[PDB]
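Scroll down for the structure; my scribbles are underneath it.
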Amino acid sequence: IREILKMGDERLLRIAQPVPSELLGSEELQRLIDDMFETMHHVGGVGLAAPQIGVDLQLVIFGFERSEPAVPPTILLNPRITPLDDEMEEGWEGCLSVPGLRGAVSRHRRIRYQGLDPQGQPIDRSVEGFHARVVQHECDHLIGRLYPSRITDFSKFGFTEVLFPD
Ligand code: NI
Ligand code: NI
């Protein structure tokens, strides 16, 4: 469990450093991953960027699956996103660095993403809808973008208890 930096901290604005080839498969890289999962499981989030705990590395984790749009548990390093078409889809987002709030954000509906897993094996997936949304959201942290900077319709930005009574 680690401190989630909250919006306004200048560490969330960094352009993150690539993970060095040298740490691929290293113990230090494992501790970080473990902390990130423990921290994300504890505050009940769907995803987490290393910069959100003030670690300046292109490293994100995400994964959603319970009684019900599932997303596989993934550890993506040094990622790179390619939109597959011009189609956009609005949907609800929150974030642990912006507690108390939700916003509607329009994202690419279909992406390819590529990167490395923690042992340096390449990742290369084509995804749509929610899975595509989460990856776009987490990769924004690595270029110092939080989701309010992405909102086009501020009629749908507000406090969670006000937008969602239940
Ligand atoms: Ni190197
Ligand atoms: Ni986030």
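Residue numbers run from 1 in the order of the sequence given. Numbering of ligands and ligand atoms starts at 1, following listing order.
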Problem - Exam field: side chain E138 to backbone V60, donor-acceptor pair closer than 3.5 Å - result: no
Handout entry: Atoms of protein origin (N, O or S) under 2.8 Å from the Ni ion (ligand 2)
Key = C95 SG, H137 NE2, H141 NE2
Practice task
Would you check if there is a donor-acceptor pair between the side chains of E90 and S106 at a distance under 3.5 Å?
Solution key: no
Practice task
Answer with yes or no whether the side chains of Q136 and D140 bring together a donor and an acceptor at under 3.5 Å.
Solution key: no
Handout entry: Side-chain heavy atoms of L146 within contact of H141, under 4.5 Å
Key = yes
Completion exercise
Closest non-hydrogen contact found for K156 with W92 is O-CZ3, 3.2 Å
Practice task
Verify whether the ring centers belonging to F130 and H137 lie closer than 6.0 Å.
Solution key: no
